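Spelled out from the first residue to the last, the chains are:
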Amino acid sequence: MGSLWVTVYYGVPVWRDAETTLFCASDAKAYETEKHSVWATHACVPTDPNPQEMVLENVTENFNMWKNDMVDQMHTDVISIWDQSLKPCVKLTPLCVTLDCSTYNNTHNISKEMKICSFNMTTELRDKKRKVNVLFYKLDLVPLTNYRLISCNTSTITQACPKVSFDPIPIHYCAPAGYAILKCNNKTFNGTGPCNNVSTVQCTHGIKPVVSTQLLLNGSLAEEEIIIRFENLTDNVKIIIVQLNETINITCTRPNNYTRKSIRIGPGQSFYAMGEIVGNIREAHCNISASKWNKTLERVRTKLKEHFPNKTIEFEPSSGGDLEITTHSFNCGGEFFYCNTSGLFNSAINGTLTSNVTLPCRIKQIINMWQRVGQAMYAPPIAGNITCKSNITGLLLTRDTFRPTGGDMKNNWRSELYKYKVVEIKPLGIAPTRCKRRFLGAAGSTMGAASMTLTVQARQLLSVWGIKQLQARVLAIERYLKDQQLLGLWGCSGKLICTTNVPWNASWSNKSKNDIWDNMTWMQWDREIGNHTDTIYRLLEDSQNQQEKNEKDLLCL
Amino acid sequence: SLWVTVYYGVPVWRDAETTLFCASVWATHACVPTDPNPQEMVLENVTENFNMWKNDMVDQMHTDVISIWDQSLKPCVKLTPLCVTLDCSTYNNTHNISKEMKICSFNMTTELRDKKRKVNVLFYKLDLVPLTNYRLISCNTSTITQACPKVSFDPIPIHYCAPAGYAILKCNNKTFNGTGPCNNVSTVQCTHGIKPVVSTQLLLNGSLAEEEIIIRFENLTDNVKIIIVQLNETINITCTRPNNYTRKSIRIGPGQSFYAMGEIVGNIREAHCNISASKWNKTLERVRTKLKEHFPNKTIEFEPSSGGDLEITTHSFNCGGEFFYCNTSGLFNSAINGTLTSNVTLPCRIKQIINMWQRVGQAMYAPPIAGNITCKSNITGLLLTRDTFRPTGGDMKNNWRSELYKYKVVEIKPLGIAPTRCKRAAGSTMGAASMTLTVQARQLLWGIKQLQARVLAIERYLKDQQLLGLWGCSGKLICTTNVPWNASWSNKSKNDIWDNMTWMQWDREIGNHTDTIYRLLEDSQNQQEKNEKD
Amino acid sequence: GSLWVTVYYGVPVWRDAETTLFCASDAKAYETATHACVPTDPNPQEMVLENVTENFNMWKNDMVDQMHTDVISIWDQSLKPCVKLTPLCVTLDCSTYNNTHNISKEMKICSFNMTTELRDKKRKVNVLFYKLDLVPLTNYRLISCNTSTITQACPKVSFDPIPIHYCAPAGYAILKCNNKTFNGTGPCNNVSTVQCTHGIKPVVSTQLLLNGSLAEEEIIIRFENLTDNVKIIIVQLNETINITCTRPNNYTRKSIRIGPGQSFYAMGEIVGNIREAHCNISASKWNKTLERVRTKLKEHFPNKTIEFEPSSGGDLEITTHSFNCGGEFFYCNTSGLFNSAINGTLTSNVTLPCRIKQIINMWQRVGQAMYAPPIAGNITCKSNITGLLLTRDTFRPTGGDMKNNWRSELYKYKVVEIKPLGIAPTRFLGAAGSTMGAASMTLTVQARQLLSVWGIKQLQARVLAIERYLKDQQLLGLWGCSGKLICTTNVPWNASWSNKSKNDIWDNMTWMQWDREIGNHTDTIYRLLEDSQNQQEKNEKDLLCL
Amino acid sequence: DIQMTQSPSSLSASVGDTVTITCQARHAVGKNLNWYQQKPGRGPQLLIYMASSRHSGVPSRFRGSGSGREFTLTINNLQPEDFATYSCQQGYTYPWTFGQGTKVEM
Amino acid sequence: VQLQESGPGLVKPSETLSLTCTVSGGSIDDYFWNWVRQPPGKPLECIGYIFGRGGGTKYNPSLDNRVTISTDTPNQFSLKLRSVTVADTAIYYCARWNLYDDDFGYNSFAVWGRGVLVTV
Ligand SMILES: *[C@@H]1O[C@H](CO)[C@@H](O[C@@H]2O[C@H](CO)[C@@H](O[C@@H]3O[C@H](CO[C@H]4O[C@H](CO)[C@@H](O)[C@H](O)[C@@H]4O)[C@@H](O)[C@H](O[C@H]4O[C@H](CO)[C@@H](O)[C@H](O)[C@@H]4O)[C@@H]3O)[C@H](O)[C@H]2NC(C)=O)[C@H](O)[C@H]1NC(C)=O
Ligand SMILES: *[C@@H]1O[C@H](CO)[C@@H](O[C@@H]2O[C@H](CO)[C@@H](O[C@@H]3O[C@H](CO)[C@@H](O)[C@H](O)[C@@H]3O)[C@H](O)[C@H]2NC(C)=O)[C@H](O)[C@H]1NC(C)=O
Ligand SMILES: *[C@@H]1O[C@H](CO)[C@@H](O[C@@H]2O[C@H](CO)[C@@H](O)[C@H](O)[C@H]2NC(C)=O)[C@H](O)[C@H]1NC(C)=O
Ligand SMILES: *[C@@H]1O[C@H](CO)[C@@H](O)[C@H](O)[C@H]1NC(C)=O
Ligand SMILES: *[C@@H]1O[C@H](CO)[C@@H](O)[C@H](O)[C@H]1NC(C)=O
Ligand SMILES: *[C@@H]1O[C@H](CO)[C@@H](O)[C@H](O)[C@H]1NC(C)=O
Ligand SMILES: *[C@@H]1O[C@H](CO)[C@@H](O)[C@H](O)[C@H]1NC(C)=O
């Protein structure tokens with residue numbers, strides 16, 4: 001009834017669309033720890049016993065999955081872990097030498113993808129130099145009959161450690177305390193713009209870091225309908241992402257079996273190559289169910305008519321570019337496949353199909369990751385036949401007729417993380433209160449309801465990779481003590497509802513009690529009061545020291 | 001009887017030894033971007049004794065700059081294979097033969113290791129040390145490293161930001177000894193942007209005592225140390241790379257490139273760095289008068305360069321991506337004597353290879369830029385030494401000191417004991433400072449330098465909270481204590497202790513008793529807590 | 001009423017725990033255990049506890065493992081900036097060494113060719129190696145170039161030990177034990193909390209501990225297992241014996257350049273006539289000490305005739321006495337000392353010949369090794385024999401395990417994690433054995449200690465301590481007892497947890513005894529207190545607005 | 001040459017065994033131990049390569065651990081293929097000796 | 001890679017012995033090639049080990065002055081022993097020490113042959 005007097009609130013659901021550091025949470029079980037992985041450390045903390053999710057009500061937030069923070073953070077972290085895993089492994093320094101190559105002639109027949117190359121190379125004994133003969137792919141070998149390695153222009157080659165594996169391990173990207181990841185329950189949401197009901201998670205489902213071009217593999221499945229994601233309908237340069245309604249089983253193989261030959265370069269260092277191939281040479285086939293593929297592609301066509309109307313649409317093979325862009329490039333079973341995806345999107349097919357669509361593929365030892373210069377890996381030849389069954393669960397297209405597009409490893413991380421957003425809980429709020437001195441459950445709910453449910457938010461707020469985890473920890477400590485000592489300078493440290501001895505001001509706002517505590521939300525409230533937070537803080541701590549010194553003087557007789 | 005009270009958030013400060021986090025080649029992006037506008041408050045009735053020649057910040061800045069230099073040079077190309085025998089002959093441009101550089105043919109590996117080919121490069125004769133066979137100077141002791149092109153040699157303003165619980169005090173006063181008490185001192189959380197510039201004998205873009213020439217003296221009894229002269233008014237020094245070079249890129253090895261200096265274009269002269277003659281005349285009159293006043297009945301007269309190693313005898317500086325060394329003998333020569341009507345120039349020479357911080361081996365190979373570059377700057381200082389005054393340089397710590405003398409660190413012990421009869425603002429009084437405690441306390445509240453600052457402030461805050469809760473005062477800014485005050489510690493008056501006494505001297509008086517009173521406070525609340533339990 | 005729940009923050013309680021540990025070198029700059037180690041505090045504080053008994057296992061100590069890892073870290077950080085002599089691996093023609101004054105059996109000059117700092121031509125390099133390092137192929141090669149590579153020591157840095165004072169991070173304490181007669185294993189009768197251990201020299205020795213710690217009263221022997229021959233036996237001698245070793249000749253030093261910026265140090269020709277390198281001990285002192293040792297072995301290991309025999313055999317680092325004298329490693333054949341019935345005249349010193357080795361493959365690791373630089377001129381060493389290492393077979397000397405070297409000095413200390421959170425019923429570490437009613441006086445003193453790449457390691461330990469303090473504060477806030485030692489009333493104590501009577505709890509037992517009595521159930525009461533604070537908080541919320 | 005021992009010499013149980021081993025000679029060889037499994041009348045194959053972690057193909061049931069003389073191998077949740085011999089091995093010197101052969105049955 | 005032994009079913013005492021091991025899967029690598037004899041109910045014992053194709057060889061002084069390792073063809077590597085004794089009767093095997101760090105299995109007999117029993 002009297003004049004409005006201030007009250008501070010610790011733990012009200014509030015956020016700002018912010019940026020922060022996120023720390024990995026690798027899968028808990030031990031066999032994957034044994035199966036050493038480039039993508040996932042063992043130092044990465046185990047996943048939670050219960051991956052937890054809670055759903056909000058009456059809240060709508062804007063998501064921009066094109067400009068979201070998971071994508072940058074995952075790209076940087078995955079490059080860092082790549083470099084870390086490659087660092088101990090040998091640098092194949094004496095590889096970049098002239099080579100005498102001729103096409104490989106197996107005892108059965110000739111191979112199109114291979115040439116036997118003899119060259120001279122200096123070993124751990126510098127005096128000894130002798131001829132060394134090893135196989136090499138045609139794609140990786142650049143001509144000058146004398147060939148050299150393609151990436152001798154870019155960098156000295158680094159061998160992948162056969163100990164470590166390229167297999168995608170689910171990474172639970174998890175945020176420090178004081179930050180909460182916001183998911184969108186709307187299955188049909190295009191990923192851009194508002195989402196009508198959202199969910200708060202302490203951390204995300206396990207995301208597989210999977211390199212793929214022109215298609216998405218082992219990705220998430222749209223539960224209701226096939227979905228299109230578009231940065232800009234008008235602009236052609238932007239990228240179109242198809243999230244597929246249902247999986248399209250892709251079966252890939254290298255039919256032959258490969259023999260690993262080791263050559264010593266250093267003490268405890270060798271270069272691994274493929275020897276002679278056993279068995280009759282046969283091409284690498286990545287075949288897909290044809291009726292399924294046709295029905296799906298046509299469902300893409302039907303769904304896509306709405307977002308670009310009254311125009312004939314034809315999927316066309318990509319015109320040209322580097323092999324990572326034009327051809328579907330991905331790794332399964334520890335080897336790199338590059339598959340001509342022309343036949344899948346070829347307009348030659350007139351809708352008639354009865355048996356598996358076949359795609360020839362080629363395999364490359366030397367790969368430049370993330371399109372960077374300065375780095376180049378040597379894939380050791382996996383021994384035996386590999387046969388990997390994967391799910392086609394998404395496509396990458398671009399308008400000039402829509403063609404497949406590839407090479408943007410950032411977009412693979414975009415396609416999985418379309419729904420998650422970092423938000424920084426700024427737990428401090430200011431408002432008048434009835435009782436006047438002399439996780440995120442109640443976001444959209446009424447203000448008094450949040451005043452009751454403040455305890456849950458407080459409880460959750462209470463509680464370079466090693467350096468990254470340490471950074472997350474100390475950020476939690478610094479934020480916690482920042483808030484606690486600000487409360488101490490406000491007079492109610494350890495109390496969530498800090499009734500204050502300070503009057504409110506008409507200048508800050510003239511809103512009535514019913515308006516703020518019935519209709520306005522904490523985000524709307526922060527919008528109203530966000531311009532005057534500093535001044536209220538300073539004059540509140542002034543009021544505290546004034547009151548305390550007055551009480552000390554009155555205490556003194 | 002007087003009883004014990006503790007006030008939290010009091011201003012007190014010993015000459016602390018902390019670490020200050022960098023802020024943003026010299027301004028790495030890993031170093032935190034500086035807040036654009038440092039703030040500054042003012043104090044009353046404060047004087048602080050600053051020893052300019054033992055301050056920790058000179059060594060901290062030196063370490064920071066060397067670390068940043070090595071950080072910048074490490075990812076860039078290591079010029080290990082460059083140290084080879086080079087056959088050489090003089091360089092004959094279409095214009096004239098130049099003594100500064102010469103052509104050198106040498107074999108070098110192609111990016112493929114099997115084959116080698118001949119390559120011709122122009123090297124400065126100063127960097128080319130004889131063995132027609134010669135070699136590189138700094139290939140002798142360890143490996144040289146080439147700097148990157150994208151990184152900028154320009155001095156980006158570095159602001160020394162202090163950690164929480166620590167504040168920087170700047171002696172704003174115009175005139176000063178360079179040492180000792182200072183009249184009125186500003187308080188900054190972060191300093192003004194100190195451009196880190198490689199300086200010898202003179203300064204570039206330095207701070208200016210606009211009101212009067214000033215003298216700083218490491219020793220006023222010993223000659224061997226160095227004397228700084230802070231100049232008055234800005235003396236414009238303007239320089240141009242005389243001619244236009246060409247950049248020849250040679251692929252030494254796989255994935256590593258080598259930017260070399262090709263041929264020269266344009267009029268071949270020496271770099272001519274001259275100044276306003278009238279400014280030099282007036283400034284020299286003023287410094288001679290000032291150092292005559294400082295040295296009564298003893299005459300002053302300057303001398304040309306003493307001679308020795310090329311780093312110390314000459315003015316040295318980076319500008320336009322090139323490092324210059326200029327013989328300052330003729331400028332300080334008394335024999336010239338001729339005229340002071342037009343701008344007179346001292347010639348400068350460029351070295352591609354730099355043994356910086358006077359370390360043997362750890363050296364940088366200059367990116368040879370192709371084309372002339374102008375570089376204009378102000379001079380506001382001078383390096384001399386007592387001994388016919390021969391200048392001296394090479395002490396980059398002293399170059400840091402010249403800009404770094406103004407500032408000092410101070411910590412805050414927030415808790416402070418002062419007895420008080422009642423039972424259970426630096427110039428102002430203790431009773432007056434009770435209101436100003438909160439603003440103190442809130443301020444109490446390379447990447448690993450930021451981490452160190454964060455954790456040290458965190459530890460200090462939790463020690464304050466710890467000891468307060470061991471005295472029954474956790475989270476409270478003013479605390480009365482039931483324990484009485486042992487009268488043997490101090491013998492000050494009741495009215496003088498919250499009205500008269502300056503806080504620094506009071507801390508000095510009670511420092512010997514602080515530990516004992518703290519240890520006797522903790523048992524006081526321990527006994528009181530068990531008493532309450534029963 | 002009956003005794004009901006009460007928290008006690010900072011009371012003396014320890015569990016036998018493992019935590020991280022950091023070095024602290026000597027404060028003086030004369031030695032300036034590299035320099036990055038923090039300087040030690042002026043006063044290593046030690047406080048003896050009354051009525052406290054702790055079971056020290058000399059062989060299941062965590063700090064010996066942490067010591068091994070940390071000193072490996074020191075050594076690898078030292079070696080990493082230094083040169084790697086990979087190009088040294090060449091075929092090596094060799095020939096015996098004939099000085100102008102006499103001939104040497106131990107040596108050989110070998111001639112080999114490399115590349116200059118100029119990348120095309122070099123010249124013949126004739127440098128001198130021992131017979132122990134080189135391996136024939138009459139062409140020879142270094143000992144381990146195929147399986148491993150050799151990392152030259154930095155010529156500036158020396159391998160002599162500096163005393164390291166390991167200190168417990170905040171919230172953790174080191175517990176020395178002050179019983180003088182003690183065999184490492186089992187209880188020790190009275191103990192002392194120490195902020196940091198005594199400065200341990202990282203000394204490398206085999207069969208004869210050097211520059212170590214002395215037995216204060218009598219020669220004391222420790223056992224890892226009486227009944228089994230594998231487990232090792234420690235001997236820690238009272239008084240001492242001077243071991244005096246020399247390098248008789250003068251070896252030149254020749255710096256040969258490998259490439260631009262890399263140089264390694266060989267010997268070149270010797271000056272003076274070659275004399276066998278050797279080390280001697282006083283005969284009478286050795287006989288007295290060894291007779292005492294045999295008598296002690298008879299005393300503890302009963303009824304058996306005990307005899308000392310030389311080491312059986314193996315690589316020269318196994319059978320002999322390895323040690324770093326004057327920055328150079330030798331290996332002294334101990335056929336003289338431990339062999340009985342040689343019938344020494346006892347007037348002359350007992351003399352052991354020694355072989356100096358260039359390539360040191362220590363730390364029980366393959367793939368990494370050192371080329372120790374040849375120090376110039378003579379070297380003299382005069383050190384103690386403060387302990388011996390033997391095994392049951394007869395009793396025979398052994399070596400090669402540096403973990404045992406680190407075991408010997410750290411036999412006194414054990415780490416303990418102070419958990420301040422003491423939960424009891426209710427109506428620095430000196431008071432641990434005292435009563436709880438008396439020990440609650442001094443809980444503040446233990447509370448004080450909770451606050452007070454190796455930079456990153458000690459930062460991680462400090463952050464561990466910080467989040468430990470904040471875990472304590474977090475738990476007390478979840479219980480509502482935060483910021484205070486003793487709380488209010490009205491939370492009952494379930495009888496099933498413990499059965500002692502009201503009066504005898506305080507006086508009779510120690511805090512550790514109560515911890516053992518109450519150890520299992522702690523999680524249950526942490527839940528019941530948690531939910532109690534929640535429901536009381538709900539009631540207090542009903543009180544907050546009236 | 002190094003002498004070698006194992007304990008128990010021949011165990012007999014199904015699930016949860018633990019093969020401790022004392023290999024004597026110069027103790028604390030490092031992490032330079034290799035376990036093996038030899039099926040009856042068959043070639044042996046690797047189990048643990050540094051007493052550290054499992055080899056490729058052998059499951060997580062088989063593990064090796066320990067530094068010092070007290071190297072150890074633990075097999076958990078044994079299946080019928082698990083029952084076979086296991087021996088100590090060194091890595092320092094050229095003659096790498098083996099343990100007597102610890103046998104597990106039933 | 002698959003490894004297999006080859007030799008005589010029976011030897012007589014005081015007669016020379018020979019054995020040949022075949023790496024079927026691929027050519028003879030640079031890895032360490034080993035013979036690991038299993039005596040009847042006694043610890044296994046090394047004989048002669050060769051670092052690849054025509055590399056240096058380390059033999060055992062325990063079996064002194066009898067062992068020899070030599071290679072003939074890129075898929076065969078053989079052991080030869082002279083002056084055999086009755087105590088030598090055992091099951092021989094061939095195996096491979098992984099000299100290099102990053103390969104799965106390091107300094108370890110990774111792939112062994114099945115083995116052959118010799119009576120002597
Ligand atoms: C999308 O998701 C699919 C489905 O997961 C992936 O396809 C699966 O890929 C994984 C990983 O390759 C397969 O799992 C394992 O592969 C091992 C391959 O053998 C070894 O290969 C080399 C040989 O030297 C080794 O270096 C390397 O360490 C591998 O271990 C198998 O050995 C595994 O099974 C064996 O071990 C386990 C251990 O308990 C036994 O239980 C098994 O019976 C067997 O002995 C294992 O199979 C997996 O099988 C693939 N298919 C399926 C249906 O799961 C795609 O690659 C993935 N990503 C993409 C981009 O498509
Ligand atoms: C370390 O590896 C080197 C090679 O990298 C080994 O040297 C090689 O030793 C073998 C011995 O089996 C030599 O083969 C044969 O020996 C002699 C001398 O050449 C001759 O009769 C034959 O023609 C045949 O070559 C081999 O040539 C030799 N290689 C070189 C380059 O010298 C060395 O033995 C290994 N070190 C060890 C095991 O300690
Ligand atoms: C010193 O101040 C100058 C003022 O111009 C700064 O920038 C110079 O600007 C010119 C262009 O006019 C550049 O090309 C020069 O390289 C700059 N240097 C100099 C000395 O003039 C400059 O940032 C400051 N300091 C230095 C050392 O360059
Ligand atoms: C889940 O998302 C769907 C999208 O259709 C929506 O209907 C629903 O309300 C969301 N929330 C819950 C709790 O299911
Ligand atoms: C081909 O290699 C695979 C890999 O295990 C194997 O199944 C097959 O036996 C190999 N060769 C032949 C000829 O069967
Ligand atoms: C500044 O301080 C100096 C001494 O440090 C004093 O001599 C001088 O008068 C002061 N100048 C001004 C302008 O206050
Ligand atoms: C030695 O250990 C064994 C078990 O390995 C045990 O039975 C014996 O009692 C121990 N003896 C000692 C410590 O003396």
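Calculation rules
- Residues numbered from 1 in each chain as written, not as in the entry; some residues may be left out.
- Chains lettered and ligands numbered in written order.
- Heavy atoms only, no water.
- Disulfide = S-S within 2.5 Å.
- Helix = DSSP H or I, 4+ residues; strand = E, 2+ residues; numbered from the N terminus.
- Buried < 20%, exposed > 50% of the residue type's maximum accessible area, 1.4 Å probe, protein only.
- Near = heavy atom within 4 Å.
- Polar contact = N/O pair within 3.5 Å; in protein donor to acceptor, adjacent residues only side chain to side chain.
- Areas by Shrake-Rupley, 256 points an atom, 1.4 Å probe, with all protein chains shown as cover.
- Salt bridge = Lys/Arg side-chain N within 4 Å of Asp/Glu carboxyl O.
- Core = buried A, V, L, I, M, F, W, Y, C linked by side-chain atoms within 4.5 Å.
- Contact = heavy atoms within 4.5 Å.
- Axes fitted to C-alpha atoms, helices over the stretch in contact; angles between N-to-C directions.
- Parallel < 35°, antiparallel > 145°, perpendicular 65-115°, else oblique.
- Left-handed = near helix turned anticlockwise from the far one by under 90°.
- Nonpolar A, V, L, I, M, F, W, Y, C, P; charged D, E, K, R; others polar.
- Pairing = 2+ DSSP bridges.
- Buried area = accessible area lost by both parts, 1.4 Å probe.

This entry, as listed in the PDB, derives from cryo-EM and reports a resolution of 3.8 Å.

S.K.: Sorry, what's going on with the state of the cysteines here?
M.R.: Here a disulfide denotes a covalent bond joining the sulfur atom of one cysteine to the sulfur atom of another. Summed over all chains, the structure comprises 34 disulfides over all chains. Across the disulfide, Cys252(A) is cross-linked to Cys286(A) (sulfur-sulfur distance 2.0 Å). Since a negative S-S torsion denotes a left-handed disulfide, the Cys252(A)-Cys286(A) link at about 120° is right-handed. Of this pair, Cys252(A) sits in strand β19 (residues 240–254) while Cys286(A) sits in strand β22 (residues 284–288), and the two are 34 residues apart along the sequence. Take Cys252(A) and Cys286(A): they sit in the same class, and that class is buried. The disulfide that involves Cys88(B) links it to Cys104(B), with 2.0 Å between the sulfurs. Judged by the sign of its S-S torsion, about 110°, the cystine formed by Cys88(B) and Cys104(B) is right-handed.

S.K.: Would you mind showing me how to read the site of ligand 4 here?
M.R.: All names here are of chain A. Close contacts around ligand 4 come from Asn-185, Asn-186, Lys-187 and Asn-197, and that covers them all. Within the side chain of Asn-185, an N or O atom sits 2.4 Å from an oxygen atom of ligand 4. Side-chain polar atom of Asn-197 to an oxygen atom of ligand 4: 3.0 Å apart, as the coordinates give it. In the complex, the protein chains occlude 44% of the 360 Å² of accessible area that ligand 4 would expose alone.

S.K.: Just to check I follow, could you spell out the pattern of salt bridges for this structure?
M.R.: Under the criterion given, the structure shown has 60 salt bridges over all chains. In this structure, the salt-bridge partner of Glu285(B) is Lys282(B), at a minimum N-O distance of 3.3 Å. Separated by three residues within a single helix, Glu285(B) and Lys282(B) lie in helix α2 (residues 277–294), roughly one turn from each other. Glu285(B) gets classed as partly exposed once you look at its relative accessible area, which sits at 30%. Judged by its relative accessible area of 35%, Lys282(B) is partly exposed. Across the pair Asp82(D) and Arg61(D) runs a salt bridge whose closest N-O atoms are separated by 2.7 Å. Of the two residues, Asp82(D) sits in the loop between β5 (72–75) and β6 (85–86) while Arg61(D) sits in the loop between β3 (44–46) and β4 (62–65), which places them 21 residues apart along the sequence. Exposure class is identical for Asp82(D) and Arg61(D). Each is buried.

S.K.: When you look at the nonpolar core in this model, what are you seeing that I'm missing?
M.R.: Considering soluble globular proteins, one finds that nonpolar side chains tend to be buried as a cluster. One finds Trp490(A), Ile417(B), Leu462(B), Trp471(B) and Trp511(C) to be the most contacted residues of the largest nonpolar core, which totals 130 residues. Among the elements that line this core, the one with the most residues is helix α9 (residues 465–490) of chain A, at eight residues. Residues contacting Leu462(B), with those up to four places away along its chain left out, are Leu481(A), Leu451(C), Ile466(C), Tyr469(C) and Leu470(C). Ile233(C), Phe323(C), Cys332(C) and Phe338(C) belong to the second-largest nonpolar core, a separate cluster that totals 47 residues.

S.K.: So what exactly am I meant to see when it comes to the packing of helix α1 (residues 56–73) of chain B against helix α4 (residues 396–404) of chain B here?
M.R.: Geometry of a packed helix pair, given as the angle between the helix axes and the separation of the axes. All names here are of chain B. Contact pair α1 / α4: the axes reach a minimum separation of 9 Å and the direction vectors enclose 120°. Viewed along their axes, α1 and α4 adopt a mutual orientation that is oblique. Like other packed secondary-structure pairs, α1 and α4 cross with a definite hand, here right-handed. Residues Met-57, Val-58, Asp-59, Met-61, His-62 and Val-65 of α1 pack against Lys-397, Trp-400, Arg-401 and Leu-404 of α4. Considering only residue class, the contact of α1 with α4 consists of six nonpolar, one polar and three charged.

S.K.: Just checking my understanding: could you explain the arrangement of the chains for this structure?
M.R.: These two, chain B and chain D, are apart from each other, with no contact and a minimum C-alpha gap of 33 Å. With respect to C-alpha atoms, chain B approaches chain E no nearer than 24 Å, and the pair has no contact.

S.K.: Whenever I open this one, the sheet that holds strand β6 (residues 128–130) of chain B confuses me. Can you help?
M.R.: The pairing of strands in a sheet happens through backbone hydrogen bonds and is either parallel or antiparallel. All names here are of chain B. Strand order across the open sheet formed by five strands is β5-β4-β3-β7-β6, with antiparallel pairing between neighbours. With one partner strand each, in any of the chains shown, β5 (116–124) and β6 form the two edges of the open sheet. Direction aside, the axes of adjacent strands within the sheet are offset by 50° on average. Here six bridges tie strand β3 (residues 86–92) to strand β4 (residues 97–109), and the two strands are oriented antiparallel to one another. Residue pairing across strands places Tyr-91 opposite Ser-98, the latter belonging to β4.

S.K.: Is there a simple way to explain the interface of chain B and chain A in this structure?
M.R.: Quite often, the size of an interface is put as the accessible area lost when its parts meet. Contact residues are listed per partner, giving 32 residues for chain B and 32 residues for chain A. When the two sides are added together, the surface that chain B and chain A hide from each other amounts to roughly 2900 Å², 60% of it contributed by carbon and sulfur. Considering only the surface of chain B that becomes buried against chain A, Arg442(B), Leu445(B) and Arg454(B) emerge as the three largest contributors, covering 22% of it. Inspection of the region where chain B meets chain A yields three salt bridges. One salt bridge in this structure joins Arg442(B) and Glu541(A), with 2.8 Å as the shortest N-O distance.

S.K.: How should I be thinking about the site of ligand 1 in this particular structure?
M.R.: Residues and elements named next belong to chain A. The full set of residues close to ligand 1 is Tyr-31, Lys-35, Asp-167, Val-210, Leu-217, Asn-218, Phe-330, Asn-331, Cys-332, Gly-333, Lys-389 and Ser-390. Contact distances for ligand 1 include 2.4 Å between an oxygen atom and a side-chain N or O atom of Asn-218. For ligand 1, an oxygen atom lies 3.0 Å from a polar atom in the side chain of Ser-390. Across the complex, the protein chains shield 45% of the 1100 Å² of accessible surface that ligand 1 would expose by itself. Of all the secondary-structure elements, those providing two or more residues to the shell around ligand 1 are β23 (328–331) and β28 (386–399). Partitioning the shell around ligand 1 into residue classes produces five nonpolar, four polar and three charged.

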